[PDB]
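Working notes for the structure below.
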There are 4 protein chains.
Amino acid sequence: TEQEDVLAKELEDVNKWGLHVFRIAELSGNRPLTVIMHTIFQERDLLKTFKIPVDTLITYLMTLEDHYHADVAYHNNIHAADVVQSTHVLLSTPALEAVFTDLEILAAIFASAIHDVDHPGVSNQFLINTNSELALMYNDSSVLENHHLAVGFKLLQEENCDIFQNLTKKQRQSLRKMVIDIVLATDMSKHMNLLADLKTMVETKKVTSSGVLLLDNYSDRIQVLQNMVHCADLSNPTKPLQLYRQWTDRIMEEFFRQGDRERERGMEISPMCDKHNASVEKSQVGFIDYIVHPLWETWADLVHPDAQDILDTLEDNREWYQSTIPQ
Amino acid sequence: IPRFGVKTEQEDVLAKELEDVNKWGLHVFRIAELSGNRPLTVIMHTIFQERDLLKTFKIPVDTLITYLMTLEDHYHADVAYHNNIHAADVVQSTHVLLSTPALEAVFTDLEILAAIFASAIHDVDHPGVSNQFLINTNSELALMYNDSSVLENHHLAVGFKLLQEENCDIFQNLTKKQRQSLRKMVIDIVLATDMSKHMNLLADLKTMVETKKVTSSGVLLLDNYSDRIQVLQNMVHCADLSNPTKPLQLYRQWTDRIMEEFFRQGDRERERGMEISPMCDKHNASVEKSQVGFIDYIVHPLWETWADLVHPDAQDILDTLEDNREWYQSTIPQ
Amino acid sequence: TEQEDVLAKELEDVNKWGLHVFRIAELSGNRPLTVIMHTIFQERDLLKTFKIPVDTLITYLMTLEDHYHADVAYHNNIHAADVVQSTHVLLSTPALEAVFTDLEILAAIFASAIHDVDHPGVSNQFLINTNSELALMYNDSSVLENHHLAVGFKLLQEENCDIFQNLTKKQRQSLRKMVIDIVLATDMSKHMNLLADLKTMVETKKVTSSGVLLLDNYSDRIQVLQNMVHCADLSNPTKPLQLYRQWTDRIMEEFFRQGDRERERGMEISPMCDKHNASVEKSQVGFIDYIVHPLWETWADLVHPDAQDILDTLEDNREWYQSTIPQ
Amino acid sequence: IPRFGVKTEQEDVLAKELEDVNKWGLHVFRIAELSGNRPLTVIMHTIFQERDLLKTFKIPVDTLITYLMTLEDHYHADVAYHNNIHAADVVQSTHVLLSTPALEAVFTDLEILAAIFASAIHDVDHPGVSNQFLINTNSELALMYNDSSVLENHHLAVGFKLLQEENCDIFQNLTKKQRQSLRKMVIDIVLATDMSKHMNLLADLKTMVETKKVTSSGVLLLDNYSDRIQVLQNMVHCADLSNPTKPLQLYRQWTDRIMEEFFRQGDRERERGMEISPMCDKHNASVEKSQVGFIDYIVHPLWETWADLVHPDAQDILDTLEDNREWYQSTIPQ
Ligand SMILES: Nc1ncnc2c1ncn2[C@@H]1O[C@H](COP(=O)(O)O)[C@@H](O)[C@H]1O
Ligand SMILES: Nc1ncnc2c1ncn2[C@@H]1O[C@H](COP(=O)(O)O)[C@@H](O)[C@H]1O
Ligand SMILES: Nc1ncnc2c1ncn2[C@@H]1O[C@H](COP(=O)(O)O)[C@@H](O)[C@H]1O
Ligand SMILES: Nc1ncnc2c1ncn2[C@@H]1O[C@H](COP(=O)(O)O)[C@@H](O)[C@H]1O
Ligand SMILES: [Zn+2]
Ligand SMILES: [Zn+2]
Ligand SMILES: [Zn+2]
Ligand SMILES: [Zn+2]
Ligand SMILES: [Zn+2]
Ligand SMILES: [Zn+2]
Ligand SMILES: [Zn+2]
Ligand SMILES: [Zn+2]
């Protein structure tokens, strides 16, 4: 059938930075995370490396994606699918070739898939300020991130959902620890620290006769996986404008809605969340200059030059928005 | 939003739509659009004010609005039926039922408050699927509630739990006695929305309508608690299953939504190879038959018995129901 | 080897109604629940029947036992060990010989060992009056019973404790529903109905040619397991005096402690919980007349005459107490 | 209503004992017996009255006592060390440390309230086993808190959670700013009691001492929140690791209790077939040797540092520690 052919053609660029993820969501009946995750899992022969029954994986993937909110413009299954697919490409970078095991790769991928599951569409601070049960439960510390990990794992325990049923205790335990570490790193309050470490790791870069980086201890191997997935999560600004633009309008819609919510209860309107005093263009350039670029610049210097085009794409989007700035 | 305490010219239109709050058939879907998807917050506020519930229970307005919005925020916008619109619908419907002649001055303000509050939280945080589905899938929700009245227990837990958020305890000024009473009634009412309790509830209601004692004003006479809570439980149960009794234009909107939700479940069940639940197979659909099936075995027996209890008060509602049944009979393709 | 030989001998009375359960508590190292369970399981060959790895089984029993409060005088591991063994003997009752299946038997025994796990030492009403988290979670309905179940299961997910790992998706669903049905039947507010139904069923009792009780549908089969475990839980007044008295003292200590707790908070003091207006004896007689006797009078009916010595001990034990009531 | 928070017929002796509430070395075990096992309720009540916290934060007396009894009720009576007596001890020690001359007028009342409240809940609902044990069994606890500071996150959650039981919200009259400020501090303080953070906590304290500043009055100058909370964290951390600095008669009771708990875990660890944790093997126990090690590598380095920060205020405390160290030294059987 035609509709299926168009989907398959789109899925062909799965290993490409710039996948038409939105197009894919439209064609799979809004199951981008499921299709992309299953596709990426065959391209990596993961189902076979870990003996993952076909039906189990699909059932879990459908369930996980079902626990992403369809009423949320940004933090939904499309964003999940996108970070997953982005990490997938980052993993295949030449400077990291052969560096990670099948388990560590399965970790950064699973982590990415669940990194924002059941996201309410509001920031940690909003959850804290309203005294939400979630905030009370996690003591105001990485409330959302802890909850994401929590739901991600808990969903494994559903009927025919354990995609790690055939792993070994030694493996499940190792996978668990890595996913926790990666996801908790997606919390922006950890950004500044993650970047500092990343830089220090680039000023002690160690390559091999194969030119590929050398990762001795766990602390170094995980630190790359954290920045990797962190990079994927903050990758929309480095994608083809057509994509970046959809992400921006979606993220802003969510901030404005949070702003309305805060303006409903008379709270101070959060930054960038006020639709009556907004600078969408300014904010984007600001977000890139103080966070996105300073981060990706360090990532490029790590896998130099495997990401030269990505950084270049980012600098051009930076200007595209700039040359759109009124006052 | 009002410039100098004076309405906005949309907020005004909302206000005029809300003049039919005491009427069966309120344009709830419009009110939802007009209020910015705040049908639950505005209809609850309207009802609390009219029934003078804020002064009687010393509920500060800010706390009420904040809670309401918080409660409404916890209904799922991505759910076609079990959302804030259905909640607002059930609240306003119970509100109209409470005002019936046959029950005039029968319930105390605390019982009224419980019927309305229970209506507002009755389906909060509904995931869009049934109890059976959560059970067969091994959801944590089902395990927590040991597969018994899973959703109903969860709705209650969430409804009360939300009272604890910043400036959300609308019952802060009720004495412990008032709170323990309110709470038991609200729990008794919401658990009674579970369909598995349907038959027994109806049976006791018929049994009541039989031994039914009345007058002093021609109004119903309720002795003990078992009787009063039983009536209130059926009252909210009737409001929850009242869509088939509303004007056809409303009823069909409700049907599309529940059917959509039923199909989405059928789809999700199928994807997993699970036995497809009744009415859920969007491929072997019999919408027209479903409604007739639903009206003859559940809705009509219920409202007929309810019409008996408060007769003649509910004649028009029973008629509209009987009339909506025929209409669906026609629609049945042969 | 000194107290061990002594413990083995003591277990020779496992299928006997009146086990010196307390000795087994000392001799076993405060593991009455773990040992009685390990023995009973091997006997009914439940380990081989459901392929229960000796490891897991013991590991769950230990996780479960540890989850019984050692500070609580009554509702603890000894009581749970008592109920499991009392239930055991009841299942081996002749009039019921060959009625229940290996799966139903496992339920009954499992339901018993967890029927009171993690009991706080206070009644549901106390938890309800204080707006305890547990009561808010279960809506003031069977608060402790719901909790008992929830911990019974969740504790399976611990480390190598999932005993029912070698059962089918069909078995596990049956057991689960049976365990839940049983445990929730122990809630006293359910007592009246369970008795009325048990009696109504004794009125329409039916057997096969061999005289084996004929339990047709699920309603009947579970209603018998429910009341059975209910009789076990309410069996201390039917045990030899020497036992009954230790139990009565232990529950009164718990009642009084709850009473002191209510007194400190200016709360109304529950019945039997006021050590200043106590009638410990009048209470035992009252308890036996309105509840224990009517329940046991009917169970003896159903298993005529398997339980007669039991019933007789009950009427005798009531007398010993009645003679202690002053005035 | 009663004098010291609870009812007691030995009130006289309890009264004389509580007179030493401002002194290092309080007979906490004796107060625990005289109070009817209510050491935490009585000592907290005494401290709040003494520091005039009820009036300053408009805390109703009945709400304070109700909360205190609830909190105390949630420490396990079957745990030899991490119980309500330890909680009471740590509270009273923090109270003494807050009164040190070098810190006079340095902390606000809200910071004082936070440090004391944090101390009272710091180990609430302790199971009697380490985080490692909870992690190596995949316990629901070790899973809710992604293996990071399991017990500490749980102590905080339960402590704050109990504020929601009937008449237990002792912070009901503080403003939103005060409640948010208090909460963060309490949270920062209790997480810091995790031993896994000791070394880093100690380093930062040394950095502070090395660059120690004093005001016109010989009291510590603490500008930013970071230095403020840091002092408070080390302060409660010191109080938690203060038993080796109390009169030997007290230290020895604490050592017997802590070891009895370590051995309860050692047993359980070999039952489930696990690697016995340090100091938990009751067959190869070097108790005296352990104390010497604990003092040498943890307690002494920590108190010597606190002592420099408040020099010479803690000279006697540091002296008693050293005497207790040498005492166990002479007990070690070679
Ligand atoms: N296009 C964007 N514009 C502005 N902020 C963004 C954008 N993309 C990501 N962010 C920020 O990065 C954060 C990453 O966290 P999360 O959204 O939870 O993955 C978001 O919460 C935003 O605050
Ligand atoms: N229009 C309708 N057609 C068919 N079934 C309905 C309709 N309205 C309600 N129901 C059923 O009645 C239940 C009422 O419970 P709920 O609405 O979920 O509180 C629904 O879950 C459906 O199973
Ligand atoms: N010996 C006894 N004397 C008085 N009441 C008892 C005795 N044994 C059990 N009960 C009651 O029976 C109930 C049975 O439920 P439980 O013991 O909680 O499983 C207890 O909660 C007590 O209230
Ligand atoms: N007397 C003691 N002997 C040995 N270790 C101790 C002693 N007192 C405290 N500790 C250690 O300090 C930790 C403080 O944590 P906690 O007691 O859980 O707040 C304990 O878990 C022990 O590891
Ligand atoms: Zn995120
Ligand atoms: Zn994200
Ligand atoms: Zn419902
Ligand atoms: Zn409903
Ligand atoms: Zn019980
Ligand atoms: Zn029991
Ligand atoms: Zn601690
Ligand atoms: Zn401590």
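The chains referred to below are lettered A, B, ... by the order of the sequence lines, with proteins before strands, and numbering in each begins at 1. Both counts, for ligands and for their atoms, begin at 1 and track the order of listing.
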_Taking ring-ring contact (aromatic ring centres under 6.0 Å, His included) as the criterion, tell me which of A:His75, A:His69, A:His67 meets it with A:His119._
A:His75
_With the threshold set at under 4.0 angstrom, would you say A:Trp247 reaches ligand 1 through any of its heavy atoms?_
no
Would [X] and [Y] count as having a side-chain donor-acceptor pair, cut-off 3.5 Å?
| X | Y | value |
| --- | --- | --- |
| A:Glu262 | A:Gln258 | yes |
| C:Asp187 | C:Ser142 | yes |
| C:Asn236 | C:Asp82 | no |
| A:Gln125 | A:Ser270 | no |
| B:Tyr251 | B:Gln291 | yes |

*When rounded to the nearest 0.5 angstrom, what is the spacing between CD1 in A:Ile325 and CD in A:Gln322?*
4.0 Å
*Can you tell me if an N/O/S atom from C:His79 lies under 2.8 Å from the Zn ion (ligand 10)?*
yes
_Under 2.8 Å: N/O/S of C:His115 next to the Zn ion (ligand 10)_ = yes
State the atoms of ligand 1, each with its element, that fall below the 4.0 Å cut-off from a heavy-atom position in [X].
| X | result |
| --- | --- |
| A:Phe255 | 22 (C), 23 (O) |
| A:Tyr74 | 8 (N), 9 (C), 17 (O) |
| A:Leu234 | 12 (O), 14 (C) |

*Could you tell me which N, O or S atom of C:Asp233 is nearest to the Zn ion (ligand 10)?*
OD1
_C:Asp116, N/O/S atom nearest the Zn ion (ligand 10)_ = OD2
*Taking both backbone and side-chain atoms of A:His119, is any N or O found less than 3.5 Å from an N or O belonging to ligand 1?*
no
Give me the nearest non-hydrogen protein atom to [atom] as residue plus atom name, then the distance to 0.1 Å.
| atom | value |
| --- | --- |
| atom 1 (N) of ligand 1 | A:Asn236 OD1, 2.9 Å |
| atom 18 (O) of ligand 1 | A:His75 NE2, 3.2 Å |
| atom 13 (C) of ligand 1 | A:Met188 CG, 3.9 Å |
| atom 10 (N) of ligand 1 | A:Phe287 CZ, 3.2 Å |

*Can you tell which part of A:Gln284 has a heavy atom less than 4.0 Å from ligand 1: side chain, backbone, both or neither?*
side chain
*asked:* Side chain, backbone, both or neither: which applies to A:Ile291 and ligand 1 if a contact is any heavy-atom pair less than 4.0 Å apart?
replied: neither
*From atom 14 (C) of ligand 1, work out which of A:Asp233, A:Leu144, A:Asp187 has a heavy atom at the shortest distance.*
A:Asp233
*Under 3.5 Å, is there a donor-acceptor pair between the side chain of B:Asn83 and the main chain of B:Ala80?*
yes
_Donor-acceptor check, side chain of A:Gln226 to backbone of A:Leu194, threshold 3.5 angstrom: yes or no?_
no
*asked:* If I compare all heavy atoms of A:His79 with all of A:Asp116, which pair ends up nearest, and what's the gap?
replied: NE2-OD2, 2.8 Å
